[PDB]
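Peer 1: Can you read through this structure? Questions will come right after.
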Amino acid sequence: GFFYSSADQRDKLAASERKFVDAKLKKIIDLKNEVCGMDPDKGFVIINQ
Amino acid sequence: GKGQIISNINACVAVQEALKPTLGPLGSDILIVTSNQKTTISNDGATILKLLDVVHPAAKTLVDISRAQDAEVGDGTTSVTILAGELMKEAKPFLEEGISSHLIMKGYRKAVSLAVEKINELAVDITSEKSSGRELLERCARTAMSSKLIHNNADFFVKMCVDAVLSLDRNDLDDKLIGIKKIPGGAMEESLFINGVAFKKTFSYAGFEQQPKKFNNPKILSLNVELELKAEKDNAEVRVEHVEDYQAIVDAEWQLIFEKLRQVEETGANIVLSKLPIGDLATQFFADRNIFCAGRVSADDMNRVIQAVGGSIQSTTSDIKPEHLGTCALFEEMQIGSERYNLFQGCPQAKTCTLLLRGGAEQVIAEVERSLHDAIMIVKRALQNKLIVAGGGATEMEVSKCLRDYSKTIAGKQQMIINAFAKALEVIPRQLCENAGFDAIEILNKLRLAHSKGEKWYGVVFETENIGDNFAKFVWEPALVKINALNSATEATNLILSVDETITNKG
Amino acid sequence: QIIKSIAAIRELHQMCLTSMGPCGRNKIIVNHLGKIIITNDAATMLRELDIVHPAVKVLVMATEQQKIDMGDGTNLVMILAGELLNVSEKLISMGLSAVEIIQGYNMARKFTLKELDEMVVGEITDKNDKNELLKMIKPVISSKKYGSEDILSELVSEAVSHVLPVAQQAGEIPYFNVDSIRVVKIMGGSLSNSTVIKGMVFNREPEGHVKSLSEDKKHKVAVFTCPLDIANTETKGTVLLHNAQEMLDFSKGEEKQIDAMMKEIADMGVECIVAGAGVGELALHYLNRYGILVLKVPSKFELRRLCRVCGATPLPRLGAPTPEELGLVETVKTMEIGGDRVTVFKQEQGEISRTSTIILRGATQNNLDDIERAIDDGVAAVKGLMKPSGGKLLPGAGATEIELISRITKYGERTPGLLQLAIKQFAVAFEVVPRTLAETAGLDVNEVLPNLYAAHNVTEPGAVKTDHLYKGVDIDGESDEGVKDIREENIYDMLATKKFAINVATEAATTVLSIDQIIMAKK
C-alpha cells in the first residue's frame with residue numbers, strides 16, 4: 001500500500017513502481033541508436049498492442 | 001400553407017380579447033383559476049399572461065414579449081399585447097387578396113421608424129417651469145386616484161404617497177421597496193405613513209400586556225435556530241426499572257438551553273426576529289430586559305430588516321458579532337382591528353418603507369392598494385425621466401395622423417399597409433372609452449374634429465365624457481414606454497407572420 | 001409508385017423553399033422537452049423532426065454533407081434536389097426509363113463543373129484583414145435576421161482574425177478550428193453593445209470574496225479534476241462511522257488537512273484554482289485569506305480547449321501543484337455582461353490563443369438562438385478558404401443560376417442522342433432558385449423572371465462579353481424599378497460551396513429516382 005503523510009511523499013512511493021517501466025524503455029531507445037542511429041531516412045516504430 | 005396562418009390570427013385575437021377589458025385604470029378585471037386552486041385577479045397584462053401558460057407558439061410569443069416589457073420598462077404590458085395582436089386582424093383580409101405578409105412586415109419597419117422620431121418631438125422637458133418641488137409629484141398622484149372611491153379621501157392619501165418616494169434615493173427607485181400591509185376595519189382617512197418596515201403579526205400565543213409600544217433605542221439581531229427545546233420530528237426512549245430512580249429521570253433537559261443564554265445576554269439585543277415561529281418558552285425575561293420578540297414572521301419581511309438597520313443572520317449564538325446590531329428612532333404598536341401591528345420608525349439607513357392602509361373591508365382595500373400602484377409608477381418615473389409625453393389618447397391619435405400624410409408620398413403596397421397600421425392604432429383609445437363606460441363611436445368622431453386644427457395635445461377626459469386637452473387633466477406618461485411599445489409589438493408580430501406552418505412534436 | 005415518392009417530398013418541398021433568402025419564412029418546431037426551437041438552417045430542423053420515410057432521409061443525409069463538410073448550402077441542396085424530382089415527371093410520363101434520366105444528369109454534371117472554372121473572375125488573396133474578410137463572411141451571415149448583417153459582420157470578421165495565427169508561405173499546417181469559437185448569450189442589453197474578446201467568457205458566479213485578481217501579467221492558474229476534499233489514501237481509505245469519538249476527528253481533521261494543502265499552493269504564487277467538480281464548503285473559507293480566485297467549470301468539454309489557451313494541465317490527484325502543469329494568463333477581471341456581474345477571461349498580447357468569444361446581448365431569447373447559430377455557420381466557411389478553391393468566387397443571389405442556363409441549352413443541341421431531353425430539363429430545374437426569391441420578397445412571379453432573361457441575354461457585335469453579367473435577383477422594396485449589381489453589397493456565393501453542392505444535389509435525386517419499390521412495416 002501507499003502510506004504518505006504529505007502529498008510530496010506520495011511521489012516517492014509512486015515512482016518506485018514506475019521504475020519497472022522506465023527500466024525497459026532504456027533498452028528500447030538504445031536499439032534505435034545501435035543500428036542506423038544517425039543514418040538518414042531511418043525510423044523506429046513501436047506497435048505496442 | 002395559408003390554413004395555419006389563419007389559425008394563428010384567431011389565436012392572437014383570443015389572447016387579445018382577455019386583455020381588452022383590463023386596459024385602463026377603470027377597466028374590468030379578469031378571473032383566472034390556476035391549477036393550484038388559488039384565486040388570482042389582476043388587471044396587469046404581465047401577471048395575466050404568466051398564469052395562462054398557453055401551449056400555442058404564437059400565443060406564447062405574446063406572453064414572452066410581455067415579460068420583456070415588464071423587465072426593461074415595467075409599464076404597458078397590457079397595451080403592448082393589444083397593439084401587437086391588432087396587426088393580426090388588419091393583415092387578415094390582406095392575405096386573401098394576394099398580398100404577402102412580408103411586404104406587410106416591411107411596411108411596419110418604416111412606419112415605426114417614423115413614429116419614434118415624432119415621439120421625441122412631442123416630448124418637452126420641463127422641471128421648474130410653472131411648477132414647484134412639492135406640488136410637482138402631488139398633482140401626478142391625483143390623476144390616477146380620480147374616478148375612484150378614494151377621490152374624497154385622496155387629499156390625505158397623496159401626502160403619504162409623496163413621502164414614500166422622497167424617503168428613498170432618487171437615483172435608484174423600485175416599486176418593491178415600498179411595502180403595504182392591509183389593516184382590516186377602521187376609517188380610511190385615519191391611515192398613517194411609516195418610515196420603517198412592518199409585518200402581519202400572525203403570532204397568537206399568550207404573554208401579552210407587556211413589551212409596550214414605547215421603545216427608546218432597541219437593538220435588532222436576527223435569529224436562525226429555534227429557542228424552544230420541543231423536538232417536532234425525532235425523539236428518544238430510555239427507561240429504567242428502579243422505583244426510586246423515577247424521580248430525577250423526569251427532570252433535566254432545559255438546563256442545556258442555558259448555554260445559549262450568556263452568549264445572547266452579553267450582546268444586549270432588544271429585538272428578536274427569526275424566519276421560524278418563536279416558541280412559548282420565554283416571553284418574560286426579554287420584557288424584563290426591555291427586549292422585544294415577535295414570532296411567526298414571513299421570510300419576505302426578514303430581508304427588509306437587514307437592509308434597514310444593517311443586521312446580519314448568524315446560525316448559532318457563538319460567533320454573532322456585536323457590530324451587526326442596529327437601532328431605530330422610535331417604535332409604535334397599534335391594536336386597531338383587534339390585532340396588534342408591530343412597526344419600526346425612524347431608521348436613517350432603511351432602504352425600504354411601509355405604508356399602512358385602512359378601510360371598511362379587506363376586499364375594499366385590495367382595490368385601493370392596487371389603484372395606488374398605478375400612481376406610484378407615475379410619481380417614480382417623474383424624477384427618473386425628465387422627458388414626458390401627453391397620454392390619455394393625446395399621443396396615440398397623432399401617431400396615426402402623421403402616418404396618413406406620409407403615406408400619400410409613398411407609392412406601392414406600402415401605402416395601404418401604413419394606413420392599416422395607422423388604423424390599428426385606434427384600438428388603444430377604443431377600449432379605454434368602452435371600459436370606462438363612454439361611447440367609443442361618438443368620441444372617435446368628435447375627437448378627430450379638434451385633432452385636425454393643428455394642436456397635437458388633445459386627449460380624452462376620463463372623468464366626464466368630452467373632448468379636450470389632458471394638460472389640464474395632469475395626465476403624464478414617460479417617453480420610454482411609447483417608444484418601446486412600438487418596437488416590442490412589431491417584433492412580436494413579425495415573428496408570427498413569418499411562420500406559415502406550425503409543427504409540434506409530442507414526446 | 002415513383003410518383004408517390006415524389007409527391008411525399010413535394011409536400012415537404014415548399015418547406016425548404018422558404019428557408020434560403022432573407023425574405024423567406026421559418027417553421028416553428030416544438031421539441032420533445034417542451035421548448036420552442038426555431039432556426040433558419042434546415043440541417044438543424046431535420047434532426048429534431050422525426051420522419052420514418054426513408055425517401056426523405058436521402059435528402060436529410062445529403063443535407064448533413066452541407067452542414068458538416070461546408071458552412072453554407074444546407075438550404076440550397078434541398079431546393080435543387082427537390083426540383084429535380086418535379087421536372088423528371090415529364091420524362092416519366094413520356095415513357096422514358098430512369099436510366100437515361102440518371103445518365104442525363106451525369107453527362108450534364110461534368111459539363112456544369114467544367115464551366116465553373118470560367119465563372120470565377122476575382123480571387124480572394126486571403127489577406128485576413130478586418131475589411132477584407134467582410135466580403136466572404138457577409139453572404140454567409142445573411143439570409144437570417146435581415147437588417148442586422150451590418151453590425152454582426154464586424155463581430156465575426158474580428159474573431160476569425162484572432163483565431164488564425166500569423167504565418168506566411170505555409171499551407172500544409174491547418175490553422176482555423178471550428179470548436180475553438182464559442183458564443184455566449186445573456187438576456188438584456190442591445191446589439192450595439194457587442195464586442196470581440198479573446199478567450200472564453202465565464203458567466204458563473206465567483207463563489208468567493210475575491211472578484212478578480214490584480215493587473216500583473218501571467219497569472220498562475222491551476223486546473224484540478226479531483227474535487228476539493230480531505231487528503232485520503234489511493235489504496236482503500238474508506239471513511240466510516242462507528243463510535244461518536246471518531247466524529248470529532250472527522251470535522252476537525254478536514255479543517256487542518258485542507259488548510260495545509262491550500263498553504264503549499266499559495267506559497268508557489270498560484271492565484272487561481274480551477275475545480276471541474278463540486279467544491280466543498282470548508283474550502284471556500286481558506287481561499288479568501290490566501291487571495292485565491294474561486295473558479296468552477298462543471299462542463300468537461302471546455303477543459304480540453306482550456307489547455308491550449310492558458311497552458312494549464314488537469315491533475316487527477318490533489319495536493320501536488322506541479323509547476324509544469326500550471327498555466328499563465330495576463331488579465332483576469334470581472335465585468336457586467338447583460339446586467340449581471342461575471343468574471344471575464346481574456347489577455348492582451350503574449351501567449352497568443354486561438355480561442356475567441358463573441359458576446360451577444362438582446363431582450364428576446366429566441367432571437368439570440370438564431371444569431372448564435374449563424375456565427376457557427378459563418379466561421380465554418382473559414383475552413384473552405386484554404387487551398388482547395390478557397391479564393392475563387394462566383395456571383396450569387398440568382399446571378400449564376402440564370403447565366404448557367406444559356407450555357408446548358410447550348411450543349412443540348414450539340415450532343416446528339418436521347419440525352420437532349422435530359423439536358424434541356426437540367427437547365428429548367430435551376431429556375432426554382434430565382435422564383436422562390438421573388439415570391440418570398442412579395443414581388444410578382446411574372447415580373448422578376450422576364451427581367452432576368454433580358455438582362456443576361458443581349459446582342460453584342462463581338463466575341464468579348466460586355467455590360468454586366470452580375471445581375472441578380474433584387475429584393476426591391478425601395479429605389480424605383482429594376483435590379484442592381486450584387487457586387488455593390490459584396491454578396492456572392494463561394495465556389496467551394498456551389499461546386500460541392502452540385503455533386504450532392506445530383507446524388508440526392510439519383511437515389512430517389514433509382515428506387516422503384518419500397519417495403520416497410522407498420523410502426
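By convention in this document, the chains of the C-alpha cells carry letters A, B, ... by their order, each chain's residues are numbered from 1, and ligands are numbered from 1 in the order they are shown.
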For chain A against chain C, which residues fall within 8 Å using only C-alpha atoms, given as a PyMOL selection string?

Peer 2: chain A and resi 1-3+7-8

Peer 1: Hey, could you make a per-residue contact list for chain B against chain C with 7 Å as the cut-off, showing the nearest pair of atoms and its distance in Å to one decimal, counting only C-alpha atoms, sorted by chain and number, as a tab-separated table?

Peer 2:
residue	atom	partner	partner_atom	distance
B:68	CA	C:363	CA	6.4
B:100	CA	C:442	CA	5.6
B:102	CA	C:442	CA	6.3
B:103	CA	C:442	CA	5.8
B:498	CA	C:25	CA	5.2
B:499	CA	C:26	CA	5.2
B:500	CA	C:25	CA	6.9
B:501	CA	C:27	CA	5.8
B:502	CA	C:28	CA	5.3
B:503	CA	C:29	CA	4.9
B:504	CA	C:30	CA	4.6
B:505	CA	C:30	CA	5.6
B:506	CA	C:32	CA	5.8
B:507	CA	C:32	CA	4.6

Peer 1: Can you write out the residues you just picked, keeping C-alpha atoms, as a compact mmCIF listing (two decimals), in the first residue's frame?

Peer 2:
# COMPACT_ATOMS: atom_id res chain seq x y z
CA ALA B 68 -39.60 41.80 -21.82
CA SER B 100 -47.86 38.66 -48.99
CA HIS B 102 -43.54 40.02 -45.97
CA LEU B 103 -44.40 43.35 -47.60
CA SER B 498 -43.12 34.93 -40.72
CA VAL B 499 -44.20 31.38 -39.76
CA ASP B 500 -46.59 29.81 -42.27
CA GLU B 501 -46.54 26.25 -40.86
CA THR B 502 -46.66 25.21 -37.20
CA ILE B 503 -45.11 21.88 -36.19
CA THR B 504 -45.48 20.39 -32.70
CA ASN B 505 -43.84 17.08 -31.76
CA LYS B 506 -45.14 15.01 -28.85
CA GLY B 507 -42.74 13.21 -26.53

Peer 1: DSSP on the backbone: which residues in segment 75-104 of chain B end up as helix (DSSP H, G or I)? Give the answer as number ranges by chain.

Peer 2: B: 77-90, 92-96, 101-104

Peer 1: Would you kindly return, as a list in words, each protein, DNA or RNA residue with an atom no farther than 8 Å from any atom of residue 420 of chain B, considering only C-alpha atoms and excluding same-chain residues fewer than 4 positions away?

Peer 2: residues 90, 416 and 424 of chain B

Peer 1: Write out as a count of residues only which residues come within 10 Å of residue 10 of chain B when counting only C-alpha atoms, dropping same-chain ones fewer than 3 positions away.

Peer 2: 12

Peer 1: So how far away is atom CA of residue 307 of chain C from atom CA of residue 18 of chain A, in Å?

Peer 2: 25.8 Å

Peer 1: Would you pick out the contacts of segment 135-146 of chain B at 6 Å or less, using only C-alpha atoms, so that residues sharing its chain but fewer than 2 positions from it are not included, and give the list as a list in words?

Peer 2: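 Using only C-alpha atoms, the neighbours found are residues 132, 133, 148, 151, 375 and 379 of chain B.
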
Peer 1: Ranking C:509, C:121, C:12, C:284 by minimum distance to residue 46 of chain C and counting only C-alpha atoms, which one comes first?

Peer 2: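 Nearest to residue 46 of chain C: C:12.
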